[PDB]
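Coordinate analysis (summary)
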Amino acid sequence: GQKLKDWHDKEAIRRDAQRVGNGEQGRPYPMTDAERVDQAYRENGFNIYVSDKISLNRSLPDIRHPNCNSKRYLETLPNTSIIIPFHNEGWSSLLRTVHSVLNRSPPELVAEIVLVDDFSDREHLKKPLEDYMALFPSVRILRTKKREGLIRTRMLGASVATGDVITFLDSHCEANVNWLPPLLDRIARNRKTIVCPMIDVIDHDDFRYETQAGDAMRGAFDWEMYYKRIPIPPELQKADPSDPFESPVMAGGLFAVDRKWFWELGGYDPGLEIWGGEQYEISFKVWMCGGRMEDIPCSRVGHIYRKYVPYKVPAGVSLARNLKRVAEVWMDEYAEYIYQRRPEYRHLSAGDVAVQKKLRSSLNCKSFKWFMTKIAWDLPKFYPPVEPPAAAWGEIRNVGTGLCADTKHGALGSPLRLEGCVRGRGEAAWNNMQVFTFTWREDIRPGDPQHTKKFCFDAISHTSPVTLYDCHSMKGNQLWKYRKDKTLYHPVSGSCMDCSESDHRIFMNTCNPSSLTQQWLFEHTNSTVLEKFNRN
Ligand SMILES: *[C@@H]1O[C@H](CO)[C@@H](O[C@@H]2O[C@H](CO)[C@@H](O)[C@H](O)[C@H]2NC(C)=O)[C@H](O)[C@H]1NC(C)=O
Ligand SMILES: O=c1ccn([C@@H]2O[C@H](COP(=O)(O)OP(=O)(O)O)[C@@H](O)[C@H]2O)c(=O)[nH]1
Ligand SMILES: CC(=O)N[C@@H]1[C@@H](O)[C@@H](O)[C@@H](CO)O[C@H]1O
Ligand SMILES: *[C@@H]1O[C@H](CO)[C@@H](O)[C@H](O)[C@H]1NC(C)=O
Ligand SMILES: *[C@@H]1O[C@H](CO)[C@@H](O)[C@H](O)[C@H]1NC(C)=O
Ligand SMILES: [Mn+2]
């Protein structure tokens, strides 16, 4: 008995496609001064004024892969308990999340929808929410007795679920067309596989719906434990780009997992606080202890990434203590790589992690070395546990004008001006930043090679100036080369770096070896590194 089935509710797709109105089809909302106010963000970190003006049943673009519409899945699948943790979430944003589930999910595959109130103090989340959800049979509200935080809140929900697999979602998401079956099917085939849908963006301003940059990518992180996304290496890339693909680390709130398998792993470290950490612990657990983690390209859910965090966090809580707890129990020797960047994580009491450590042994999991080597082998490529030395660092002095490269500390995107060399002898009042580093990544960022900033030398046109745009280990507009001719050749622009003898900014122009306004000289260097990525 393994009969397939097409779960595409076509009629729906049609009626949703013929829907009209603001925000419809995922388009940006017609902003007006009335919605641009600073008070429209104060409660959620995202524009609640706009959300209120958008339909709780709005329609979304089907930005799936062309193949996804043609897939079919097991006629019979295990039911799921969709669990949603919330804390002072906005009325319209939360309602929309649920509607999207009640309308885009096959009722039969939905055992129950449990909203879990994490001690919210907002009035609309009390009686009104109750009366509103009462009209919806499958929906159920379960509150906590005190502020637990997202981890414990998700645990409470998971401890009451009755469905075959547990699905977690944030309280400000919008599931797209036919998302649930592809997550359930995959688990029906492999009970120990955790599945994560493609997480799309919902603009915290105009609410347009759209895929994140680079779309389908692999999860990972830097050594300060900030979640990161990196390209799927070619050797791992699947034949059919719409098929499930392994991922090292999950994003965090959007994922499904078999209920038994979940608890078999011990769920989350109850010691984790309000936010952050549970995504790494759960991620290392599935892998190191026999399971697997996969992204289902055919399954997409929108999520509103906050502009800032509104809720308050209890005193005596630190993201650090969480990470440290995870670092001790699963990362082994690699934890030391976290401390080298953040020393305070050494003499920082990570509470009692004895119980968890005991869970790790009772599971017979592999070492963290195994994880990094077989599952996350590409992460060290962009985030090496130890970074290669730099090529050149210090002050960039232009031979032509004799002046030094400077920056009025305009990290938002200010041009790369040119001022008189300070050398650290100048008055620290003229906001002078004449220190730079040609990092191993082949990019140029401000600051000492030990304390660089996440801003790189970004240059578009082979004539445009040079700005400081957010970096990214993707040799493009931030790819530079320092040649024997003392120039900063920009291959992606075919031009070189040139300044103005009329005391202005710096701009791109035709390369000219025998010149001066394009000849620069760093203070310190390591030819051994320069001699590297200089050849084709
Ligand atoms: C928006 O969504 C709500 C809830 O999903 C829709 O109301 C439900 O409609 C279904 C359709 O058969 C009924 O089974 C439910 O009983 C309805 N719920 C309630 C409590 O009335 C609502 O009709 C949708 N509105 C739009 C714009 O289509
Ligand atoms: O103390 C908290 C903080 C957050 N949340 C909820 O947990 C989910 C994930 O948190 P959040 O969205 O703030 O994290 P983010 O996606 O921004 O990283 C959301 O549904 C929140 O409402 C919670 O229940 N308790
Ligand atoms: C969109 C998404 O997955 N957000 C998650 C959030 O829900 C939470 O799990 C956090 C760790 O506390 O990590 C984030 O990446
Ligand atoms: C399906 O969902 C129901 C309702 O939560 C649950 O009782 C049952 O154990 C699940 N599994 C079956 C029998 O399909
Ligand atoms: C780059 O120069 C540094 C000196 O600062 C040296 O330690 C390093 O070995 C050189 N690059 C390599 C790894 O060959
Ligand atoms: Mn969220």
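Residues numbered from 1 in each chain as written, not as in the entry; some residues may be left out. Chains lettered and ligands numbered in written order. Heavy atoms only, no water.

Overview of the overall build of the protein
This is how it is decided: Counting from the N terminus, the helices are DSSP H or I runs at least four residues long and the strands are E runs at least two residues long. Two things to know: the radius of gyration comes from C-alpha atoms, and the globule rule equals 2.2 Å times the number of residues to the power 0.38. Remark: exposure states derive from per-residue accessible area (1.4 Å probe, protein chains only) relative to the maximum for the residue type, with buried under 20%, exposed over 50%, and partly exposed in between. Areas reported as accessible are Shrake-Rupley estimates using a 1.4 Å probe. Residue values count occlusion only from the protein chains shown.
Along its length, the protein carries 14 helices and 26 strands. Rg of the C-alpha trace for the protein: 26 Å, near the compact-globule value of 24 Å for 536 residues, within the 12% margin. Structurally, the protein occupies a C-alpha span of about 75 × 55 × 50 Å along its principal axes. With 536 residues in all, the protein has 52% of them scored as buried. For the protein, the exposed area adds up to about 24,700 Å²; of that, 52% sits on carbon and sulfur atoms.

Comments concerning unusual backbone geometry
The phi dihedral of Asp332 is positive, around 45 degrees, even though this residue is not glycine. In this structure, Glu442 is a non-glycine residue whose phi angle is positive, near 70 degrees. Mapped onto the fold, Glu442 is located in the loop between β17 (436-439) and β18 (443-446).

What to know about the nonpolar core
We apply this condition: Remark: nonpolar core denotes a set of buried residues (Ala, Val, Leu, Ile, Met, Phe, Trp, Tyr, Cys) joined through side-chain atoms within 4.5 Å. The criterion used for residue contact is that any of the two residues' heavy atoms lie within 4.5 Å.
The biggest cluster of nonpolar side chains holds 59 residues, and the ones touching the most others in it are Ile194, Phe221, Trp223, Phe262, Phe284, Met331 and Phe371. With near-sequence residues (within four places) excluded, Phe284 lies in contact with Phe221, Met225, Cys289, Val326, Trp330, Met331, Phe368 and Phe371. Counting 36 residues, the second-largest nonpolar core is a separate cluster that includes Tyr73, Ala175, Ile296 and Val301.

With respect to the site of ligand 3
Counted only if it meets this: Here, proximity means that at least one heavy atom of the residue falls within 4 Å of the molecule or strand. Polar contacts, as used here, are pairs of N or O atoms within 3.5 Å; protein pairs need one atom able to donate a hydrogen and one able to accept it. Residues neighboring in sequence count only if both atoms are side-chain atoms. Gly counts as polar in this scheme, as do all residues outside two lists: the nonpolar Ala, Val, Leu, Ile, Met, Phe, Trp, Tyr, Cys and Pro, and the charged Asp, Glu, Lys and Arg.
Taken together, the residues surrounding ligand 3 are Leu150, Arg154, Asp170, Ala251, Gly252, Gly253, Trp275, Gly276, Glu278 and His303. Contacts to ligand 3 include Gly253, whose backbone N or O atom sits 2.9 Å from an oxygen atom. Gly276 is positioned with one of its backbone polar atoms (N or O) 2.5 Å from an oxygen atom of ligand 3. When isolated, ligand 3 has an accessible area of 380 Å², and the protein chains bury 89% of it. Looking at the shell around ligand 3, its residues break down into three nonpolar, four polar and three charged.

Quick look at the sheet that holds strand β26 (residues 524-525)
Pairing between the strands of a sheet comes from backbone hydrogen bonds, and it takes one of two forms, parallel or antiparallel. This is how the line gets drawn: At least two bridges found by DSSP between two strands is the condition for calling them paired.
With respect to topology, four strands assemble into an open sheet ordered β18-β17-β13-β26, the strand pairing being antiparallel. Unpaired on one side and paired on the other, β18 and β26 mark the two borders of the sheet. Where strand β13 (residues 392-394) lies against β26, two bridges are found, and the strand directions are antiparallel. Residue pairing across strands places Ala392 opposite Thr525, the latter belonging to β26.

Points about the site of ligand 4
By nearness alone, every residue bordering ligand 4 is listed as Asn79, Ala111, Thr162 and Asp164. Separating an oxygen atom of ligand 4 from a side-chain N or O atom of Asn79 is a distance of 2.4 Å. A distance of 2.7 Å separates an oxygen atom of ligand 4 from a polar atom in the side chain of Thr162.

Looking at the side chain of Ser495
Counting through the fold element by element, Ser495 comes out in the loop between β22 (487-489) and β23 (496-499). Given a relative accessible area of 2%, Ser495 falls into the buried group. If sequence neighbours within four positions are ignored, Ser495 has contacts with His462, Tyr489, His490, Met508, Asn509 and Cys511.

Some remarks on the domain arrangement of the protein
To keep things clear, this is the line we draw: An automatic or database domain assignment is the source of the domain bounds shown. Buried area counts how much accessible surface, traced with a 1.4 Å probe, disappears from two parts once they are put together, with both parts' losses summed. A carboxyl oxygen of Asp or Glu within 4 Å of a side-chain nitrogen of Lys or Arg is what we treat as a salt bridge.
By domain assignment, the protein separates into domain 1 (1-386) and domain 2 (387-536). The C-alpha-based centres of domain 1 and domain 2 are spaced at 40 Å. In this assembly, eight residues from domain 1 lie in contact with six residues from domain 2. Between domain 1 and domain 2, roughly 540 Å² of surface is buried when both sides are summed, and carbon and sulfur atoms account for 56% of that area. Together, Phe382, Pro384 and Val386 form the three largest contributors to the area buried by domain 1 at its contact with domain 2, with a combined 59%. Counting every contact that joins domain 1 to domain 2 gives zero salt bridges.

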